[PDB]
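[1] How does the following fold in three dimensions:
(one chain, ligands or ions: 1)
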Amino acid sequence: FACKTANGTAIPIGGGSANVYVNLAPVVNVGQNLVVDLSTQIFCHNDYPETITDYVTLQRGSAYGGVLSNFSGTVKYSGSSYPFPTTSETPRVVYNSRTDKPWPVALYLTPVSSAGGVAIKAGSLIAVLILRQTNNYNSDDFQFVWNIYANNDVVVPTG
Ligand SMILES: N#Cc1ccc(-c2ccc(O[C@H]3O[C@H](CO)[C@@H](O)[C@H](O)[C@@H]3O)c(Cl)c2)cc1
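    Numbering: from 1, shown residues only. Please see the structure below:
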């Protein structure tokens, strides 16, 4: 089991870390969601699906910078939504193919009532998402740590 990103980096068997750079909607209003879709950013596969089934959770999701300061919301993982920053580990998604499969994670971030102006700065760390991989074969339990950076400023209008 290993993963790759839309910015051309990787995390091998056994886990590790990578950086992910996301384009964000430049304007988000109070009462609306900024969507951060990681399913177009992070992809993984099973290295021996003939025998082994891989299990993958979102173990932890943490907010940073302008997201921590200026937003609240949820994370959608494989069709169900949970609070973000996270408060527990999600259920598992199965990986059972050598073909790349997206990691089905998206953040839905809504501005806090006091937010206004540049609420997320270009280049800044916005989140750290930990993917936990186990399997039905051995005792492997590996963390794939995804450091999520904004490529651009996000503004919350004062109207
Ligand atoms: N014959 C034969 C043969 C026996 C074992 C393996 C083999 C290949 C990869 C293996 O392990 C890697 O891939 C697994 C599947 O994604 C993951 O569950 C593991 O955590 C690890 O990343 C492990 Cl155990 C075993 C490949 C071929």
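[2] List the contacts of the nearest residue to residue 24 once chain neighbours are set aside.
    Once flanking residues are discounted, residue 24 sits nearest to residue 154: 5.0 Å by C-beta to C-beta, 6 or more residues apart in numbering. Every C-beta, even on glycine, is put in place using the N, C-alpha and C of the backbone. Residue 154 makes contacts with 24, 25, 26, 27, 28, 34, 66, 118, 119, 120, as judged by C-beta atoms under 8 Å, 6 or more residues apart in numbering.
[3] which parts of this protein sit against the ligand?
    Proximity of the chain to the ligand, by C-beta under 6 Å from any ligand atom, involves residues 1, 13, 46, 47, 48, 52, 54, 135, 137, 138, 140.
[4] does residue 117 really touch residue 111, like I thought?
    No - if you go by C-beta atoms under 8 Å, residue 117 and residue 111 don't touch, sitting 10.7 Å apart.
[5] got any residues that touch both of these two?
    Common contacts of residue 117 and residue 111, defined by C-beta under 8 Å, 6+ apart, comprise residue 156.
[6] Going by residue numbers, what spans are helices in the chain?
    65-70 (DSSP state H).
[7] I'd like the distance between residue 148 and the ligand.
    23 Å (C-beta to the nearest ligand atom, to the nearest Å).
[8] just to revisit the earlier point, for the residue nearest to residue 24, name its beta-bridge partners.
    Beta-bridge pairing of residue 154 under DSSP bridges involves residue 120.
[9] number of nearby residues for residue 112?
    If you count neighbours by other C-beta atoms under 10 Å, residue 112 ends up with 14.
[10] now swap in the one 3 residues further on and tell me
    Residue 115 has 22 neighbouring residues, counting by other C-beta under 10 Å.
[11] again with residue 74
    Residue 74 has 18 neighbouring residues, counting by other C-beta under 10 Å.
[12] Residue 110 now?
    19.
[13] How about residue 24?
    Residue 24, neighbours per other C-beta under 10 Å, totals 19.
[14] cool, residue 86 as well?
    For residue 86, the count of nearby residues is 19 (other C-beta under 10 Å).
[15] Please tell me which one of the residues of the chain next to the ligand counts the most neighbours.
    Ranked by neighbours (other C-beta under 10 Å), the residues of the chain next to the ligand are led by residue 1, which has 25 neighbours.
[16] Thought residue 6 was touching residue 100, still the case?
    No - counting by C-beta under 8 Å, residue 100 stays clear of residue 6, with 11.1 Å between them.
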